[PDB]
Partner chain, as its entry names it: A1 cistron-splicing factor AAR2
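So this first bit is one chain, no partners, the form deposited without the partner chain, shown in structure tokens.
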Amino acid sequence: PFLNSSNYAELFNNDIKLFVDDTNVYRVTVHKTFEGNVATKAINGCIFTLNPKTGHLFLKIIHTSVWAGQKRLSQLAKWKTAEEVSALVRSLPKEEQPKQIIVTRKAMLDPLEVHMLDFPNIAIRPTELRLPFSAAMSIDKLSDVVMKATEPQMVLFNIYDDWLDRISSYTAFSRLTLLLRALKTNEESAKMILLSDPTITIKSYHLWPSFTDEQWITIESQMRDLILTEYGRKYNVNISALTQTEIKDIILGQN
């Protein structure tokens, strides 16, 4: 029932699973108005729906038009996430339907359970992992598609690029969570780590740069150092002789 750092590996078996994160559905920006005051303004959001085995990201874009005439958009965003995840599952053949949907927030559990009633065989699960999927709006390609959206739409990506030709899903999920954690911890530092060569480019159909296997090794230790140094400055701890399990803990969330 609960997904934790202790039953984590089952995300990479052959039962189809999807993560659902609703953190970026209702988004605002703060601007100065025509009269010179300051105000919030809703901007486009997204539902982040991820198959951790395949890397398939179903990015459902939430156009600002959905908030029109509506009240209390933080509560309604939860129901809209459920409705949209339900519609996606419903569009899919029984073949490709998930056995489990894992929600990143426990507040999403109930709304999603209600909308998935017509799907008796799909389990809705919470997680003890505090996974960094919110950072998805720090990936420039994702950020861009969402903001250039003029209507509701659903865009598909492989969040692992072509990595699974070379590494396993377990390794790919480790790399992604590491990258997303560093972006959430320190966006500008993480982005300078990633963008420090532009001899290493990002392919048109990709999210991440085309690092070699050797360049990925250095990148992941630089992301690691970023997260651990900002942890060692927060908790006054020697981040060496920190156990690998403890490090993995810090990356996934959990305790």
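Residue numbers count along the first chain shown, from 1. Only the largest set of C-alpha atoms that superpose within 1.5 Å between the two forms is called the rigid core.
What comes next is about the form solved in complex with the partner chain, which does not appear here.
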| 4.5 Å heavy atom contact, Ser91 to the partner chain in the entry with it bound | no
| Using heavy atoms and a 4.5 Å limit, would one call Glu113 a contact residue for the partner chain in the entry with it bound? | yes
| query | Is there a heavy atom of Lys78 no more than 4.5 Å from a heavy atom of the partner chain in the entry with it bound? | reply | yes
| query | So in the entry with it bound, does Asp118 come within 4.5 Å of the partner chain, heavy atom to heavy atom? | reply | yes
| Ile43, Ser74 and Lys106 each touching the partner chain in the entry with it bound (heavy atom, 4.5 Å) | yes
| Quick one: which of 201 to 209, 221 to 229, 50 to 58, 32 to 40 gets within 4.5 Å of the partner chain in the entry with it bound, going by heavy atoms? | 32 to 40
| task | Find the only residue in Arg125, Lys141, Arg130, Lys99 having a heavy atom within 4.5 Å of the partner chain in the entry with it bound. | result | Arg130
| request: Could you run down 12 to 26 and flag each residue that has a heavy atom within 4.5 Å of the partner chain in the entry with it bound? | output: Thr23, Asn24, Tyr26
| Hey, after the core superposition between the shown form and the other one, which of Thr40, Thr212, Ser204, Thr201 has the C-alpha moving 2 angstroms or more? | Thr40
| message | Using a rigid core superposition, assess whether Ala68 undergoes a CA shift of 2 Å or more between the shown form and the other one. | response | no
| field | Core-aligned CA displacement of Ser240 at least 2 Å between the shown form and the other one | value | yes
